[PDB]
Each structure stands twice: as structure tokens, then as C-alpha cells.
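**Q** Using only what follows, build the 3D model:
(9 chains)
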Amino acid sequence: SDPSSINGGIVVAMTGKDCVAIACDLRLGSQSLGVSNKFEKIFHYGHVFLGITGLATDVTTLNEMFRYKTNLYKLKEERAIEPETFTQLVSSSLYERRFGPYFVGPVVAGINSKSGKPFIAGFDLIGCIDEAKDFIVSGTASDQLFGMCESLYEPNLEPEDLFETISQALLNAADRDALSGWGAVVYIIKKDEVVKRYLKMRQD
Amino acid sequence: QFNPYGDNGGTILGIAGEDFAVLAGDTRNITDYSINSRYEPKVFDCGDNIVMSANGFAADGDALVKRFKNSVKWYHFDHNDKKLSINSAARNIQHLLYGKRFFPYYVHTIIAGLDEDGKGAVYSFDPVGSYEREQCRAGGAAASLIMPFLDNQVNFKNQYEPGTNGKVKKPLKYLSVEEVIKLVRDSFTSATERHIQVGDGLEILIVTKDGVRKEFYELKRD
Amino acid sequence: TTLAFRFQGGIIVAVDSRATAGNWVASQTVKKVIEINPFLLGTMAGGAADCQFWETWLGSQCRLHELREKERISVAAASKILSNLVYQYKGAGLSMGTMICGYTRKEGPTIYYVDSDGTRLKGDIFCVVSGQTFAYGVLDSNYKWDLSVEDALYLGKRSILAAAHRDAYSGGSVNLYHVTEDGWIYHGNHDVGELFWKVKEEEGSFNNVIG
Amino acid sequence: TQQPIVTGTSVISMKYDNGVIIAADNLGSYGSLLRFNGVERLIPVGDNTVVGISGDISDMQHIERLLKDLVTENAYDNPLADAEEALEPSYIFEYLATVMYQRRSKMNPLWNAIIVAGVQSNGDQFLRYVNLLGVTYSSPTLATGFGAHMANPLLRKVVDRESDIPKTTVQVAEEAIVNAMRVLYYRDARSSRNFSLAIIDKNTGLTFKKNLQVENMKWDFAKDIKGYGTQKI
Amino acid sequence: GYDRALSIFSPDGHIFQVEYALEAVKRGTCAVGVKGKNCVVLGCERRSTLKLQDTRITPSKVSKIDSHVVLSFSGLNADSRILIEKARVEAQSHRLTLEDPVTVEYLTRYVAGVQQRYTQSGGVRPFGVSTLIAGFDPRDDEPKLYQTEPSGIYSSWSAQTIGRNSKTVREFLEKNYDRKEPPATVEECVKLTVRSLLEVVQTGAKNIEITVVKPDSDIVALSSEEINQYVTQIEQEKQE
Amino acid sequence: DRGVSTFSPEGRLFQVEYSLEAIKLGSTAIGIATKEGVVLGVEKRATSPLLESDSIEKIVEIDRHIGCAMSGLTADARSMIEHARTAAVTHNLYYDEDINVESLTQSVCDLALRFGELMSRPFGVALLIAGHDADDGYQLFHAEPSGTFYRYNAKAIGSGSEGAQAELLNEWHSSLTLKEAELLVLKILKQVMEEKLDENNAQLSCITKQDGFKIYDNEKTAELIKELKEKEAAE
Amino acid sequence: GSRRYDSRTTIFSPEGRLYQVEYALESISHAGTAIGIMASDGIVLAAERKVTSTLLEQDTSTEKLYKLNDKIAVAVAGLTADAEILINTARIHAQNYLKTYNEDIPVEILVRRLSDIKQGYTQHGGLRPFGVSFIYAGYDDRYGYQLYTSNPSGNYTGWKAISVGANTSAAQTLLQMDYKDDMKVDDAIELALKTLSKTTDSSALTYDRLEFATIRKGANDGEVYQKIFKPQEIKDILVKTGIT
Amino acid sequence: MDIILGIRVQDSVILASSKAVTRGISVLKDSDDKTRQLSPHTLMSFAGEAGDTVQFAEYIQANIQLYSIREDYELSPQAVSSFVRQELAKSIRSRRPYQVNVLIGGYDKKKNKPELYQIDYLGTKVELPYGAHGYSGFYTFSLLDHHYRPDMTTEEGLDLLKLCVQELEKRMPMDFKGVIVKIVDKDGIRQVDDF
Amino acid sequence: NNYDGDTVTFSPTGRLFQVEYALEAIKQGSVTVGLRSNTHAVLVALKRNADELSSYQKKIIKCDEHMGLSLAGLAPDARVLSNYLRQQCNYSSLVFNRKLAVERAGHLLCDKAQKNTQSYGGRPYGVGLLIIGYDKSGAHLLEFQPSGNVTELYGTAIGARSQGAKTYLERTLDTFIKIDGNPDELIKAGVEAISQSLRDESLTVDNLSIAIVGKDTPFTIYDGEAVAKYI
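**A** Residues are numbered from 1 along each chain as shown, chains lettered A, B, ... in the order given. Below, you will see the structure:
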């Protein structure tokens, strides 16, 4: 009945020393029934990464919509969109459906190509912006992720250290949510290399 | 909230003879337990030897009768003053009723006249325009009291030839206008006794080849 | 109660004639078969007005097809005109259960069930017993493909009688139609009151009655 | 679809030998509060018609403006506006009836009950009723709200049928109306003592009486009533 | 919106915009239709003024409307695309509502209807296009060939040609096509179509396109070499 | 340029008067009304011998009791026929009966003057509308792009009209049989046609109360042509 | 009324030509020459900027070669402003197709749509046609490398090699002479520059008067790269081919 | 309720769909085919609200057939699935959404690979080895999660599907009156008579 | 000349030529007469045939039970304007329970015609109408011109050779106005009036069309052997 918890799933993003990390689970369900364990929730438009939790039809629709908009941006601007600017485009796009909104919890992660400054942001379904220095959480286990991040996180973590922190934050949060899990992916993002790792976790 | 419908009571009766037809109704208009009028006609001459009554919500009945009267006027204009046949009138009224399918006319419609062969005809409609041709029809609040009487006394239903013990049905026969008027008067007299919304007066419109004539009889005012 | 089944001799269509408002019996002479064209029949179940109006409208649309294409409309095409129309009004509260029956050289004997829900189905037999639509007859035991026309007429008549007796909202008289190559034929109206007693005496069935 | 806020109670009327009489109290109630006194609810149209209105007062003031606008419009390019082509009671009624039924059919009604009283060109008495549903009817006596329940029974004892209208004088008819207004003051919790009365006669024309009061009231018997059964003091 | 009446009558009762549209057709590359006993062949001219052309990707002159009906044209190429698109949409619309593919006559009547509408609608000019519409009706073995023109009139033809020098190739067909005995085989029908184009084309190289439509949605376009074999055999018989 | 709805100094609409010229260039159509029925005949006029003549449709059914022959820009007629068929069926839906021939004609003529700056120009085609109804019996009407219609005992339109009309003026009487009317249409068509009249380049049709509107077979018309030739050779 | 002042932009001439289309084609014949050459292993787009100045910022300038997506580019000949209206429409259609089917638009489908828009301006609306001719260079996995052209009429055709704008007659003769089917991109680059160098109305062909682009499978493995040449890169390929 | 199952084997896609049409406590048909051929190598099975199911499938069939005629090319299953999802994703925020759940089985001739897509009435899409809609989902899934092998043949796939239907008949409370089975491979779409 | 291209253009002398051309269409039309007493109002119309096989074009149209007109000019334009009168008469009846005054029917025709003379793209009406009626102020006769000018008259005539009938009525004014409660004699005066506009042709049984409305007489049209009495 509640659109934002029919399909389930989670996203978390963190900042480190000259790096950012974004991670998600792989589950898609019809409430109690698990349908797919290959439903990735993190998309990238150039060097800007977008995670989306919530109603899965809207996750897919918004991915197709932002691919569309960032493609037209790049053709007109003659450069890839930056995290700060994409954040404003997500917000704009969500608030134009104010009274008929997409039932989603978007998360932006990426490094500004010019300033080299790590950047993360989160949004509500109507496009309010949460621009935290430390970490952003989204999905059916947001309460669990807030708990894990608030205790595990310390500032200025090296890439290989930040990986362990965000991985343990996701895995332990997902295991306390019925509608999250069935695998997980972690993106470690540096200025000019991105590593993608699939985590071994419980399939119940 | 605001309720767009009301009930003004009353009862209408249409009987078709071999070479005539009658449409009758009580002249009483009510709301709730109050009497609005003891004489407010509900059976109208619509031209081309057609008599029409829309019984139920009085507002919807007045509107529908107006639209049909208008419909007859434009038939003459658009078709070189062709007489509107009862079957054509019936089909036209169906389209009028069905137009408001999702905001219906809360009325029971009966029209009487002569068919193209000169035989008496009665047509009966539901609120949303379903219609059928019949020998007998009663509409309105007291329809349930009158229709069984008409089944028994006009169509001779559940009547058999004495001495056959149900082997042979009573022969169907065409009633005279005088016999039909008696049944109409008896039906309304009976309905007035047992229905609170029926009384005050009875107005009968008789349709023949010669035209439309009107008879009025007083009913109990309690 | 409306019944339409397919056999070697063509299509048998049998309907009752009772109309009700709640428990009130408004009519026992209602015509629940509309003769769209010499080769096309429509049965009516659900709202009396909805069925009468739109099946009469279908006859108009079928007539226009004949004019524009100099050919009889196919039962498939005629059924889909009605099915596509009701689908536009879906959720507005139209109540319609209907079977479009005809014979054409292209398709042979064909029955299509068309619903107010927008359901359109082709089948050999369709039955509507108050509020319920079935792909089987009220009896269905006697049904074999190779049946005498006059034998098949009786099954259809007997099937309406079965439902008329048990179902409170079915009754009045039975209207019979036979659909073949070169058009349909009316097989008369049979009052259930007279029919019941005759059938009982001849068949030795309805023993639970007493008379 | 709305709810009525400021409201007017009964309008009562009847036919007599030579014309028609209509009356209504001068109150505009805001629920249980008797807020506006001196509200006129009988609105004359020319010298041959009076329109009495009960129900929502904001809707009444709208209808008042439609009628004022109807007189203006009728005069336009009409040399016989004050003669053969003057507004008839029957014309004014059919217009209001049309508006009332159209407004109900758009589910946005004028929350009123209306009685049109007047005399026609040929001297025929006109008296017809219409309300928020567009329901219409005529009778030798007509009344809205509480009037229907209490006034009609009293007026129907003077004119019970059509044949009684020639036998009913203006003095007898006015007496019956004034008495009915006193009964409504006794028994309607939304009535006032102050009312307006209008006579439309085929000979003497339109007589409009304002600032009429219910008089000759019976209260003296109240002093002798103590308690609700067993109390003696 | 632009309402201006561009197709109007003249004092001699002619609609010049419709007649000038026929002039656009006259300028177009030649198209010919021939129906045999059990087939219809559509021959089309390719003007050899354009070489360095990519024949793989260049719009072909014969367009499938459905699996069983084809449309060729003479006139404005751009205009033809709009009629082809509308026809293809109507073909699927007919299948969807009637549960049967269009008859050749029905598809023709539709395209002809569109052409007519653009002769008495404000703010629009007529189509500078004539069409040959060929195919077989569903479950029928009787060949069908129809012609349409900018005015909107249409009719059925044993054989017909449209476009530049159509007067010449119609002359050929009128003396060479026998109604009592039409081309019995595919070979005979293709031969007569290639022969009719060779009266006008120039070189029998990449200038002639041939499309054979047989009953039951059997449509194939002949290759360069296949057509070249017909061109060779015709001239070797002519040398006598 | 100038308005499409412009009047001439003589008080005639330019575009209407010009359309009447287009109709004069059209193939001949003849109608004869009798007490036994109404006959409709047309010249097909194929532009080439390769054109399959039976595909030339200039006589058209509107309803079972109303036929229609056309002359002029015949493509313009398709939407008029479409409207006529829709009007005839729609009236039968609303009133459960056959539409009067005059009412159907009046409906078609209401399209005529719906042009301006609605459609961009008048229709370039005239119609002969033949039918039967119970009120006024067998009827023949001439519908013009002006919006005017006249009833006729007999009428010819198209290229050979004024020659044909003068022939109909002499030949028509109130006692004509249907067989006489058929031969008379064939006789006058054969007179005004360029090519020699046969069953392939001319087409007959009639409307009777009993059988309704029928387009004649080529085999049936062929026999009436042979019957005509013999009776003309008989004196 | 307003009829008096209407040019009637969508009528036939007595010869059955479209006045405004014919006049638009006359306009385009004065525009800088654009050439497209299709090879087995890629496509070349070469175009000539119209009489430039020494004070024109060339490195940030674009008038001839425009990107429609990652797989399709166009060379322009005519009104630059008119072209940009159509280019933005094409860019949106390409992204509409990708959103609907989740596949890059086939080259012909994009070409047909832009051509169908042009056609409309010639048949209805009473507006002037677009004064633009396009050369489309594109790759898809159905037909591989493809060259198309469209003109104000809305007609489009496919090509192995083609020219639009000024001196096309001369350009097309030179291409028809030196083009072979087994030709490679490096060869096609040389042909394109040699053709412009001979057809140009300018005294000499220099880097500051050219826009150049290649679409190569010369992208690491099984994919396609678009290269819009920088001023310094156009200068280098002019020395390599031996024109300066 | 209606059973629609899909299994993708090594070289084909098999779709099993229940043959019964029921509205309330009435069985309207026992031979219903809940499938539409979108293209020669693409098949769609649908379950949902009466009327919406057929109307949606026929609407999608017409659009895919139009594309095929216009481009003389067959849209890839990935492309057809994306088009279908987007039509459903439009309909959820429409005045009256289509209540249809579909399975799309197709053979991609370019990649020479069979593909199965599951899409719900909201426009939720996933690519799966096996899929199903409704109550029959929970059972079949777990059964297939145990038996399905990626390199299974068409014959092996049919046996596993045969097992799923048999187990569904015992375990399901409603009578779905058997299934119709259709195979999608390189050669095209065929119906398995024996089942 | 240069100022007759459309209806939106005044000439240098302040004339509207398109309107004047429309006025010409009427003069080409067949003759129709109108006259009234205090009790009755009569229309007499000469119908025109195409040829001897053809019918005689109907001239008189009923608008309501108490009102109707005769036409001269474009018949389709009479159909449009008569349909508009039918609607306005109908609106008055339904909304106000009031028979529309003849004078107010005139005012409405005038205002409808005017709009077509002041706007680009449109054209003036090409027909002239004689409206007769009986209302609450007795018998009325109106003349309509598509300029918009509507005039109340005792009698008049429009169409070809109308001047003959108009002169006769101008002499007979004092006689035919006094023909009260005698319908036959008022029609005789109308038939004798239209007779003054005939040349070569005379009034036959299928040629003559008469209509009458009065105190106790609904608007009725007489054609065929019903007018043989007056020949």
C-alpha cells in the first residue's frame, strides 16, 4: 500500500580523504516475495554517481530520465555535469511533480573534476536537498544505516579503509531489514579511477 | 451533502385497447408527509396523438416531457411535418433518457397512442431508457398494488375455463373503452386506500383516431 | 438466463424474458434477443437499458460497415466494435453481459461473449445464469456435437426451463432462435408456466415439485 | 454543492375571487441566532407580480438581482414594455424554474424555495412554487418550510378546491393569511413578529404592506401552568 | 492557425494547385504495374544522374504497407513518406479493430481519401504524388492493382504506368497486354514489365528495380544480376 | 488575392459559379422517376483500355431506399456519401424508421456552403439522389454545391446535360413503366456519349419499393441494350 | 484583411515545383562547402568556414560540424540559426528513442524524422522552409557506417561520398573520380582535403578556415569514437597530406 | 487466479499460461490463450484485470508490428521490453491505470541468446532465468531455485515446467484448467500440444 | 472596384459593395408578396421551377405556430436564418413561456446579419425575408435585408418585378387594412397584388404558394389543389 516500501532496498554514501564511496543492496521484491537479486540501484552519468531507493518503476524511470537530461547537458555544455550541478537538477526534477511525486530516495556521490573536493547529497521524494559532510542514507533500512554510519564513520579515511567502513555499514543494516539484502555492490571513487566490488552476504 | 433527487409520489397507468389507448395518473403531488398540490397534471398531450407521463422526481419528469415536446416540434420542422409514429416517439425518448445515463432522470415513463395500423399502443421506459411495448403498465409508488390486478383483470392471468379444472385458459379478449375506464377507476380507488402518496383526483386521457379527450374523477383526500 | 451454444446444425440461442427491480418483477415479456441483422443476434444480460441501447447502436455500426465495404460484417468485427466501445466507458458503471452470435462464410458459426468489463471471448457455449457467466450449460450432460436441430432446440429450451424454475430472477417465457447459413429463424416464445407442466408430464423430471 | 448560512423561513400565499395574497417575515437567521431583522423577502416585479423567497439569503439577493436585470432587459427595444409586452407572472416563474433546475443539474444549487404570486393579462390568478431541486407545482394555497406543515391546513379550510376561489373575498383571504402568520410565530423557532404582506388584485392592482406586526396573541393562560405534572406551586 | 484557402476553383472550373500537383508527378521517375494470372509486378526507374550513391541505405522506391500490400509512387519523395506512414498506421489500425488485414481496395480508398482531404482543407497544398498500390486480399489468389492521384480519384488497372514518359510505356502496354490471356507465369510478367521500362529507361544496368508480389504475403525484390539476365534475353530476341 | 466567400457584382458567389463549371466537364448521369420506380444511369468514361472499368463506381448506395449518381470531381463525393450514409443510419437509430428522401437531400446540401477562411472550397461534384418513402412515394432530387436542391420527374447532369434534358422534356409522361424508363436512360446515354455504349462503359441502377436500390449486372444491362437496338430498328 | 500580405509559402508553380524550396536551395549554394566520405573503417566530415577574420576566436567557434549523439554527427550548409533549431530537435528525438527502447537510434530513423519536419513546412502552416542542407555521418549495428543528406524539400538519400553548399557540381565530379570501395579513412581524409583545396573560392586552404571530424572504429576494440579536430590538429593533417 | 510462468533455458524461452478465465465464482472459459505474438521472435504473456489484459497486449502488438513494417527490422527483446515497461510506467499516473502483469519471452537474433523479462502493472522490469506472476510465484520460484540449471536444454526445461504445473495443481486452491506452453527459439514461436 | 474584394472594406463614398452585391441576389430571386389587416397577415409567393420535369422551389418556411417567412435569393441562407429564428422562438417558449414578439424577431435577424458585414473572412447573407406573425400587439409584417435593415410594414414585396405588387398595395392600403375577420378576401387581395408582378407566365396549381396567420389561425402553408380556389 505504502509505495516507498513495496519493492524495498537501501543506498548509503560516505566521504573520505580525496575520495567518496556509494553502496546499495541487490534485492527487488513484491512485499514478502523476493523476485530479483540483480536489481542494482546505483547509476553513473560520467563521473557523477546516483543511487535511488523506493518504488522500482520510478527508480528505472528516473535513471532513464537523468540519462536523457545529462546527455542533452553534455551535448550543449560540451563537458560532463558536476556533482553540485546534478544535485540541483535532481531537486528541480522532483519538485516539478510536487502534487504527484516519484516515490524515491535519491543519493548523489562524486568528486568535482576541477576542485577535487569530495561531494555527497541526499533528497526526499519532492526534492529537498540534504548536503552532509560525513554520510547520506536512503531506503527501508535508513534507521539501521543512520545507526551504523553514526558509530562506524570517522573523517579523512583512506580509500581502502573507507571501503571496509561503508561495506560493514551496509551489510549489518541490511541484515536487520526484511526487504533489503540478496547481495550488495560498493563503488570506491577517486579523482580518475573507480573500483566496483560485489560483497558476499547472507541470502535470507 | 446536497441531494439532487426527490420523490413527488403519484401513480400512472397505461392500458391499450384494440382501437384506443388510455394514460391515467393521480393529480396529487407530495414531498415526505406533506401534500404539495391536490391537482397538478402528470399526463400531457404531446401532439401527433401521443400522451406522455414521467412519474417519480417531478423536476426530472417536467424536464423530460419538455424535451420530448421540443423533440416533436423539431421532427415536424426537419421532416416536412411528418406525423411522429408511437414507435418513433418511443425510440426518441430512449435516446433522451440514455443521454443522462450517468446522471439519470429519476422517473418512470409511459406513453400511449395508436400504432401505424391504428391499433392502441402503450410504451414503458426505465429511468436510463430501457423500453418495451406492452398491453398494460402501471408506474410510480402504487405500481406494485395495481400491476397484479391488471395481470388478473386485463390479461386474464391465473383464470381458467370453469369445468376444465385448469385444462383450458380463459380466452384473451380486447376490452371496450367503457370496461377499460372502470378498471382504471377501480385500480386508482384501491391504490388510494392502501397508498398514502395516491389520492385527491384521477385524470384519464383517452386516445382514438378522432383525437385526445380527457376525463377527471375525484379520489379520497386523506 | 441467456444461453448460446454451437453444434453441427449451427447456433442455438435461448433466453428468458424476466426483468426485475430488487424483488419486484417489472416484466415477464422483455425481449432479451436483439436481431442486429438477418445473420447476427445479440443476447442481453445485466442492465436492460445498457444492453438495449448499445446493441441497437451496434446494429447501426454494422449497417454502416455493410454500406462502406459492400459485405456482411464478420462476427469477430461486430463483437469487437461493442467490446471496444464499452472499454471506453470502463469503470463508469455500465452493467452488460452479452453474446454476439452469427454465421459468415469466412468464419462459419461463431459466438463471442462481450462483457461491460471489456472482456471479449470466442467459445462454443456461453451461459449467463443470474449474475454468473459460464462456458458450460445449466445441464451440459445431453450436449454432444452431432445433434438434430429440433433436438438441439429442445436442449436450449429445457436448459432455460431448469434455470427459470430454480432462479428467482429468471422466468416468464422462453424465446428460441436457430442461427444457420442464410440467416437466423425464430422458434417462438414458450410461457414457462405452461411449459413446466407439459415438460414435467412428458419427461417425468421435476418430481420434487408435485402436480 | 454548499450549505445555507443566513436563511429565511416560511413564505405563505393563496388565491381569492379577484387576485392572490402572499406574506413572509422580515428575519435573516444565522442558525439559531436571529441576526438580521428587517430583511425584505417579498420582491415585487412590475405591478402584477411578487416573488416570495425562503432559504439562503445570499442566493435570494442573487435572484433579486436577476429579476431587477430581467425588467431592464425586457424594456430594451420594447415600446410596449409598460403595456402588452410587460413581464407576466408566468414568464418570471418559468425563467426562475429554468435557472433552479439548471443549477441543481450542475450540482451547485440556489438553496431556496420560491413562490411567484401575480395576476395575468386576462385577469387569471397565478400562483406557482419552485425550489433548489427545480420541483414545481401549483395549488389554490402554497407555502414553504414550516408554512407547508401549519399554514396550508388553515388556508385549505377557506379554499379547499378550485370552485371555492370565486366564493372567497379579499377581506376573508387577508384575515386567513394574517392568522397563519400568528400561528407560525407561536410555533416556528426561526420566525419573527415583524412581516410584509402583498395583495395583487385584478381591479385595485398591487398593494404592498410593510412593518406589519402579529397582534391579538393569547399568552394569559401561561400564568396557570406550573411544573411538568405533579408540581402545584 | 494558418487557414488560407490555397486550393480554390478558377473561372473555367479548374483547381490549379491540384493540376500543378499532377505536374510534380509528371517530373517524377517512371513507375509501372503489371498483374499476371497469379502475380503482380512493380517496375520502377532509378535516374542514373546520381552515382557514388549507397544503394544499401538509399530509400527504395517500392514500400511495404503490410506483409501482403506494396506501394510505389511518382512525384515528390518527401510527400510520399507522409502517405506511406499514414497507410502503414491505418493497416495496423484495421488489423486491430476488424481482426483482418486491409483489402488492397480498402488501403487504396484510404490513401485516395487523404489526398482528396488535402485539396479542400485550409492552409495545406495537395500531395505532389500519384501511387500504384498492388497486392492480394487476405485468403484470395486474384491479383489486385490500383492507382491514386493528387485529386483523390482512384481505380483498378489490368496494367498502368505513372511519372515521366508514362504516355510512352502506357502505349506499349495497351498493344502488348491481352486481357483474355494475361502473363501466365512470374517469368512472363517480369519480362513484360522490364520490356515496358526498356522503352524509356536508357541503360538496363542499375536503372531498373523489379518487385514481384505473389499471393499469401510472398514479396521479393529481384537483384541487379537477376534483372540483367532479363535485359540480356530481351535484346538477343530483338536482334532478328 | 480576394475572399473565397466573395459575392460578384451580379450577386453570385464566385467559387460556387466556378464549381458549376467543373461539374459541366464531368461524365453524364441521368435519372428518371416513374410510379413503378426511379432509374439511375451513368457514363463510366475509362481513360484507357487497361483500366478495369468495373472498378469505376459513380452509382452508390446511401441506404436500402436511397440511391445516388455523381458527376464532376468524383473524389469530392466520397465525404458527401459518407455524411449521407451516416445521416440515414443515425436517423434510423434515433427514430426507428427510414429517413425521408427530401430530409436526406437537405442534410447533404447543408455541407455545401460550409467553406471560408470548415473546408477551403465548395464541392466540385453534383449528385442525383433517387429514393422512395411512404409519404411522397418515388422521388428524384438534384443536389448542387450551391446548397440548393430541386425535385425532378427526370434530370441529366454532366457534359451531355442540356442535350439530354431537352430529350427528357419530350419523352417523359406520368404513365411510364420501369422497363420503358430503363430503355429511355440507355437511349439518351448512347446519344450523348463519345464512345459506343456497351455493358462495360455504361451502368444502370433502379430503386423500387419491393427490392430497394440495385446496381444492374453487366449481363442484365447487355440484354436491355440488345432490346433497345431491336425496337429502334422496328420503325 | 490580412490575405493581401500573404506570400503563400506552400504552393506549386505551374511546372509543379515548390517556389520557396527552390529559392532555399539557391541560398544553400552560396554557403561554405561541406564534404562527407564513407570508408570501410570509418567516415570523414570536412567543411569550409565562410570568409573568417584574424580576430575570430576559432578554438571556441562552431558553425559547420555539430554532434547529434555519440554515434551521429552533421555537417551544416545554409542559415546556422535555422540549423541549430533542427539540431536541438534531432538531439531530443535521439534521446527519446534511447529512453523508449534502451538502444541508440539507428542513423536512418533520426534522418527520416528531421526530413519529415522539413517536409511539413512545405505542405502546411504557411511559414518559410528551413534554409539548411545536412550531411549526416553515423554508425549503427544494422548498416554500419552510413552517409545521408537532407535538403529543405525534406527529401533524403544515402551516399558513399557527397558534397553540399558551394561548388557541389565540381566537388561531386572530383569525388566520383578518385573514390574506390576498398578505400580506408587515412585515404578518405586526404581525398576530402584535396577536394576542398581545388573547389575553394579562397586563395589558399589554411587551418583557420576549416572544420574537420572523423567517426572511426579506431576506438580501443568494438566501439566508435567521434573526433572534432582542434585548430592545431587541422594544421598538422594539412602538413601531413602536403597542402601547406 | 491466473498462472503465467516463464523459464529461459540454454537456447530458448518457454511460457506456460493458465487456460481459465474466471470472474468471481464463474468460469467463463477453459481454453483461453493469454499470449500475443509481438514479433516473429518475441512472445508476451499477460495476466490481470478483465478487458485491460487483452486491450493492452493488442495495443502493444499493433505498435511493435508498425515498427517492423516501417523499418523492415525486428526490434530486439530488450528494446520491446523497454517499450512495454514505459507504456505501463505512463499508465500508473494516468486517470485509469492498466492493471496488467506481463512476461516477455524473446530470442535475440543479433546475440543468438534467449531473454525473459518480468514486468508488473507499475512498470517494474527485471531480466530473469525464470519468472512468474501472482500466488503461483512463491511456490514455482523456490522449486526452480533448486532445479533450474543455466545450460538446460529445451526438453529439460519442459520437464521442469511440467513438474511446476503438477505441483501447482496440488498446492493451488483454484482450478486454472491446465496451461498452454509456447517455445521461443531461433526458428520462431511454436505451441507444445502435448502437456 | 478596388473596394469590393471583401466586406471589411469601405469605398471612398462610404459604401459596402459586398453587401450591395448580396442585395442583388434578392432582385434575381422570384417574387413574394406580404400584406396584413388588423386580424390576419398573409404571405403570397410565386415558386420557380428549373424545367418542366423539375419541381417548384419552396419559398415559405414556418418558424413557429404564430410566425413564419417567405424567401427571395439564396435558399440555403434562408435555411440558416429561419433555423436561427426557429431556435430564438423556441428559446423564448422554453425559458420564459413567452411567444417571441415579431418586432424582437426582427431585432435578432438584424444583429445576426450585421456581424457578417464587419468581420474579415465571412460574407453577407444573400437572401431577403418577409416575416409575418400574430403576437400580443396583433398582426405584423416585417421586411429583412441582409444589410441588417429590418422594417415593419402594412404590406410589401421583394424579388424580380416586385415594384408592380408594391405600387398596387400602396393604392389598396385603405381597403385591405380594413379586411378584418375575412381570411379569403385578404388572400384574394394578396393574389391580386402578386398578379401585378407576372409577365408571360400566370398563376397555376403547382406555381402558387400562400401562407396565413391570424387571431384564431396558426401559421399554415397552402400548396397544390389547396390554392386552386384562388386561381
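
**Q** use CA for all of it now, contacts and neighbours both
**A** Will do.

**Q** State the distance from the closest residue to chain E within chain I to residue I:115.
**A** Nearest residue of chain I to chain E: residue I:121, at 9.8 Å (Cα to the nearest Cα). Applying Cα to Cα, to the nearest Å, the value for residue I:121 to residue I:115 is 12 Å.

**Q** Of the two, which one has the most company?
**A** For residue I:121 versus residue I:115, the count of surrounding residues by other Cα atoms under 10 Å in any protein chain shown is larger for residue I:121: 21 against 13.

**Q** does the more buried one count as helix, strand or coil?
**A** Counting by DSSP: H, G, I helix; E, B strand; the rest coil, the backbone at residue I:121 sits in coil.

**Q** Quick one: residues contacting it.
**A** Taking Cα atoms under 8 Å, 6 or more residues apart in numbering or on different chains, we find residue I:121 in contact with F:3-5, F:116-117, G:1, I:6.

**Q** ok, now residue A:122?
**A** A:105-108, A:129-131, A:136-138 are the contacts of residue A:122 under Cα under 8 Å, 6+ apart.

**Q** Selecting buried members of those residues in ChimeraX, what would you type?
**A** Buried members of the contacts of residue A:122, defined by 16 or more other Cα atoms under 10 Å in any protein chain shown, are picked up in ChimeraX with:
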select /A:105,106,107,108,129,131,136,137,138
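
**Q** Residue of chain F closest to chain C, please.
**A** For chain F, Cα to the nearest Cα, closest residue to chain C: residue F:89, 6.1 Å.

**Q** Would you map the helices across chain D?
**A** D:57-75, D:89-105, D:146-155, D:170-187 (DSSP state H).

**Q** Distance from the chain centre to the third one, please.
**A** On the basis of Cα atoms, centre = their mean, to the nearest Å, helix D:146-155 sits 12 Å off its chain's mean C-alpha point.

**Q** Helix D:89-105 and the longest helix seen in chain B, what's the angle between them?
**A** Criterion DSSP H: the longest helix present in chain B is helix B:58-78. Counting by axes from the mean of the first three to the mean of the last three Cα atoms, to 10 degrees, helix B:58-78 lies at 110 degrees to helix D:89-105.

**Q** which residues in the chain form strands?
**A** You didn't pick a chain, so chain A it is. For chain A, the strands defined by DSSP state E cover A:10-16, A:19-25, A:28-30, A:33-36, A:42-45, A:48-54, A:104-111, A:118-123, A:129-130, A:135-139, A:184-190, A:193-199.

**Q** nope, chain C please
**A** According to DSSP E, the strands that chain C contains are C:2-7, C:10-15, C:19-21, C:24-27, C:33-37, C:40-43, C:45-46, C:96-104, C:108-115, C:120-122, C:125-129, C:132-134, C:173-180, C:183-191.

**Q** hmm, the first one touching chain H?
**A** No. With Cα under 8 Å from any Cα of the partner chain as the criterion, chain H is not reached by strand C:2-7; the gap is at least 12.9 Å.

**Q** do you know how far the closest residue to residue A:145 other than its chain neighbours is from chain D?
**A** Nearest residue to residue A:145, sequence neighbours excluded (Cα to Cα, 6 or more residues apart in numbering or on different chains): residue A:173, at 5.4 Å. Look at residue A:173 and chain D: by Cα to the nearest Cα, to the nearest Å, they are 52 Å apart.

**Q** residues of stretch F:28-37 that come out buried?
**A** In stretch F:28-37, counting by 16+ other Cα under 10 Å, buried: F:28-34, F:36-37.

**Q** Closest approach to chain G from chain F, which residue is it?
**A** Closest point on chain F to chain G, by Cα to the nearest Cα, is residue F:1, at 6.3 Å.

**Q** Just give the closest residue to residue I:219, not the sequence neighbours.
**A** residue I:213 (4.5 Å).

**Q** which residues does the one you found contact?
**A** I:40-42, I:66-67, I:132-134, I:219-220.

**Q** A strand includes it, no?
**A** Yes. Judged by three-state DSSP, residue I:213 forms part of a strand.

**Q** Just list whatever residues bridge to it.
**A** residue I:41 (DSSP bridges).

**Q** how far out from the middle of the chain is the helix or strand hosting residue I:169?
**A** For residue I:169, the element it lies in under DSSP states H and E is helix I:162-176. The chain centre lies 16 Å from the centre of helix I:162-176; the measure is Cα atoms, centre = their mean.

**Q** Mind listing what's buried along it?
**A** Buried-residue list, helix I:162-176, by 16+ other Cα under 10 Å: I:162, I:164-166, I:168-169, I:173, I:176.

**Q** Now residue H:139: closest residue in space, sequence neighbours ignored.
**A** For residue H:139, the closest residue by Cα to Cα, 6+ apart turns out to be residue H:168, at 7.6 Å.

**Q** so who does that neighbour touch?
**A** Taking Cα under 8 Å, 6+ apart, one finds H:136, H:139-140 in contact with residue H:168.

**Q** nearest to residue E:180, of the strands of chain A?
**A** Of all the strands of chain A, it is strand A:33-36 that lies closest to residue E:180, at 68.1 Å by Cα to Cα.
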